[PDB]
Amino acid sequence: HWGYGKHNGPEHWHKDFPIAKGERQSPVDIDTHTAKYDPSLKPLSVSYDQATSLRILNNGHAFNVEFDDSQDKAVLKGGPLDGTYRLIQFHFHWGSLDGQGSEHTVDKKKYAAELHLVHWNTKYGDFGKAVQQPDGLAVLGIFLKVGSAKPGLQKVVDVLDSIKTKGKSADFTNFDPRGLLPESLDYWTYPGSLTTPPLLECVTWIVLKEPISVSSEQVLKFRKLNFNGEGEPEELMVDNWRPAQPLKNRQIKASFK
Ligand SMILES: NS(=O)(=O)c1cc(C(=O)CSc2nc3cc(Br)ccc3[nH]2)ccc1Cl
Ligand SMILES: [Zn+2]
């Protein structure tokens with residue numbers, strides 16, 4: 001029964017998930033002036049040519065586009081990472097209004113939404129084991145601003161009306177996640193956590209500096225989803241973001257400038 005409301009939202013999560021007040025919680029504000037340029041960071045390697053999407057699911061918090069991660073297909077490596085991480089799913093966080101929705105912020109700026117491409121470290125064999133490790137996951141975070149449409153998003157937007165409510169899913173094959181990436185792979189990176197319960201401190205965050213553009217009509221369609229299940233009172237799925245958490249004893253590193 002965690003969620004995003006007054007009575008079960010982010011300020012409550014610590015009662016069931018006490019690491020909410022831990023030492024490497026996400027998201028955070030990225031202060032671009034105090035991010036350190038790290039000339040030892042490598043270009044990010046994103047190899048999505050063989051990605052195999054399976055399904056899209058409304059899980060009552062967001063929607064997940066899920067991939068077959070049983071072979072070495074869609075992998076993230078390089079950047080700040082030490083080995084190979086396999087794509088398992090992406091999802092977004094977004095707001096009720098274009099002025100909020102991202103979880104990370106950039107000099108306190110909130111974007112309209114934020115995409116998370118979740119990958120697990122192949123040295124741990126699967127996602128469930130990888131989340132128990134401090135280097136288990138790598139999440140590629142991409143900001144969304146409202147402007148032009150993102151054509152490579154439209155296939156996702158079009159299916160949403162089939163998964164309006166919690167627990168619905170739809171076949172979702174042949175979706176190419178390369179169509180959601182901006183031109184540049186310049187990034188910031190820091191050690192953090194899941195931004196949703198159970199808030200495990202297992203993620204290397206890689207947040208792209210360049211946002212993607214989506215249209216107002218595309219994000220409106222995200223806002224028509226529902227947190228409730230079918231046959232329950234309608235609670236629009238909006239504002240499903242955790243606010244920025246204290247940076248504590250961490251440094252955010254930049255791959256550029
Ligand atoms: N928001 S996020 O930090 O990118 C993130 C979100 C998710 C979600 O699917 C959000 S809802 C959710 N995440 C879970 C993870 C575990 Br373990 C167990 C139950 C969960 N339910 C899974 C992984 C990551 Cl890394
Ligand atoms: Zn997320």
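All residue numbers refer to positions in the sequence shown, counting from 1.
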Chi angles and distances behind the side chain to side chain contact (heavy atoms under 4.5 Å, CB included) call for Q100, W241: CA-CA 9 Å; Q100 63 188 43; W241 48 273; 4.0 Å; yes
Chi angles and distances behind the side chain to side chain contact (heavy atoms under 4.5 Å, CB included) call for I252, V28: CA-CA 10 Å; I252 304 182; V28 295; 4.0 Å; yes
Pair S70-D68, side chain to side chain donor-acceptor pair (under 3.5 Å): steps then yes or no: CA-CA 6 Å; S70 66; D68 173 12; 2.7 Å; yes
Steps toward side chain to side chain contact (heavy atoms under 4.5 Å, CB included) verdict (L44, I206): CA-CA 9 Å; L44 195 59; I206 297 173; 3.9 Å; yes
From CA spacing to verdict: side chain to side chain contact (heavy atoms under 4.5 Å, CB included), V214, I212: CA-CA 7 Å; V214 299; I212 56 168; 4.2 Å; yes
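No option in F175, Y48, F172 other than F175 meets the ring-ring contact (aromatic ring centres under 6.0 Å, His included) test with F90. A side chain to side chain donor-acceptor pair (under 3.5 Å) with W120 holds for exactly one of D69, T84, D126; it is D69. Applying the side-chain contact (heavy atoms from CB on, under 4.5 Å) test between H119 and each of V139, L140, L137 identifies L140 as the sole match.
In this structure, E210 places its CD atom where more than 12 heavy-atom neighbours from other residues, nucleotides or ligands lie under 6.0 Å away. Remark: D49 CG is packed, more than 12 non-hydrogen atoms of other residues, nucleotides or ligands lying under 6.0 Å away. Atom NZ of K248 has more than 12 neighbouring heavy atoms from other residues, nucleotides or ligands inside a 6.0 Å radius. Annotation for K145: atom NZ does not count as buried by contact number, only 12 or fewer foreign heavy atoms lying within 6.0 Å. Residue-environment remark: CG (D161) exceeds the threshold of 12 foreign heavy atoms within 6.0 Å. Taking a 6.0 Å sphere around CD of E230, one finds it holds 12 or fewer heavy atoms contributed by other residues, nucleotides or ligands.
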Donor-acceptor contacts, no H, no angles, side chain residues 105-116, under 3.5 Å, sequence neighbours left out:
| from | atom 1 | to | atom 2 | distance (Å) |
| --- | --- | --- | --- | --- |
| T105 | OG1 | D29 | OD1 | 2.7 |
| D107 | OD1 | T32 | N | 2.8 |
| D107 | OD1 | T32 | OG1 | 3.3 |
| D107 | OD2 | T32 | OG1 | 2.6 |
| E114 | OE1 | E103 | N | 2.8 |
| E114 | OE1 | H104 | N | 2.8 |
| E114 | OE2 | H104 | ND1 | 2.7 |
| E114 | OE2 | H116 | NE2 | 2.7 |
| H116 | ND1 | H91 | NE2 | 3.4 |
| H116 | ND1 | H93 | NE2 | 3.1 |

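In this structure, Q218 contributes its side chain and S215 its backbone to a donor-acceptor pair below 3.5 Å. Here the side chain of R250 pairs a donor or acceptor atom with the backbone of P191 at under 3.5 angstrom. The backbone N or O of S26 lies less than 3.5 Å from a partner atom in the side chain of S193, making a donor-acceptor pair. Formation of a donor-acceptor pair under 3.5 Å by the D158 side chain with backbone atoms of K155 is not found in this model. Between the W13 side chain and the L199 main chain, no donor and acceptor come within less than 3.5 Å of each other. Between the side chain of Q25 and the backbone N or O of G22, no donor-acceptor pair lies under 3.5 Å. With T122 contributing its side chain and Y85 its backbone, the two residues share no donor-acceptor pair below 3.5 Å. Remark: the backbone N or O of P27 is not paired with any side-chain donor or acceptor of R242 at under 3.5 angstrom. Judged by distance alone, with hydrogens and angles left aside, the side-chain atoms of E235 form no donor-acceptor pair with the main-chain N or O of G5 at under 3.5 Å. A donor-acceptor pair under 3.5 Å is absent between the side-chain atoms of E201 and the main chain of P134, judged by distance alone.
Put simply, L76 and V65 are part of the same group of oily side chains (I, L, V, M, F, W, Y) that touch within less than 4.5 Å, one to the next. Hydrophobic cluster membership is shared by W2 and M237, with clusters built from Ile, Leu, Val, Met, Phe, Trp and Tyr side chains linked at under 4.5 angstrom. There is no path of hydrophobic side-chain contacts, each under 4.5 Å, that joins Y4 to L194. Under the 4.5 Å side-chain heavy-atom criterion for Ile, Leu, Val, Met, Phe, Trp and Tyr, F92 and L181 are members of the same hydrophobic cluster. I88 and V46 fall into different hydrophobic clusters, where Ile, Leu, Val, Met, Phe, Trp and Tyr residues are linked whenever their side-chain heavy atoms come under 4.5 Å apart, directly or through other members.
Residues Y190 and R24 are not in side-chain contact: their nearest non-hydrogen atoms beyond the backbone lie 4.5 Å or more apart. Between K166 and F227, every side-chain heavy-atom pair lies at or beyond the 4.5 Å cut-off. You'll find the side chain of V238 stays beyond 4.5 Å of the side chain of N240, heavy atoms only. Two residues are said to be in side-chain contact when any heavy atoms from C-beta on lie closer than 4.5 Å; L208 and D186 fail this criterion. Contact check for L160 versus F222: side-chain heavy atoms found under the 4.5 Å cut-off. You'll find the side chain of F127 reaches within 4.5 Å of the side chain of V118, heavy atoms only. Counting heavy atoms from C-beta outward, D176 and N174 have side chains that stay 4.5 Å or more apart. No side-chain heavy atom of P43 sits less than 4.5 Å from a side-chain heavy atom of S45.
Atoms CG and CD1, from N59 and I163 in turn, are 9.0 Å apart once rounded to the nearest 0.5 Å. To the nearest 0.5 Å, atom CG of residue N58 and atom CZ of residue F63 are 9.0 Å apart. Note that the OG atom of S255 and the NZ atom of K209 stand 8.0 Å from one another [nearest 0.5 Å]. Within the model, atoms NZ of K129 and CG of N121 stand 14.0 Å from one another, a figure rounded to the nearest 0.5 Å. Here OG of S213 is found 6.5 Å from NZ of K150. Values are rounded to the nearest 0.5 Å. The line from OG of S96 to CZ of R223 is 7.0 Å long, rounded to the nearest 0.5 Å.
Salt bridge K36/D38: absent, no basic N to carboxylate O contact under 4.0 Å. With salt bridges taken as basic N to acidic carboxylate O contacts below 4.0 Å, one links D135 and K123. The pair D72-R86 meets the salt-bridge criterion, since a charged nitrogen lies less than 4.0 angstrom from a carboxylate oxygen.
Separation of the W188 and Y37 ring centroids does not fall under the 6.0 Å cut-off. Taking the six-membered ring for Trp, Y187 and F256 have ring centres at least 6.0 Å apart.
With 3.5 Å as the limit, one finds no donor-acceptor pair spanning the side chains of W205 and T189. Judged purely by distance below 3.5 Å, without hydrogens or angles, the side chains of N226 and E234 pair a donor atom with an acceptor atom.
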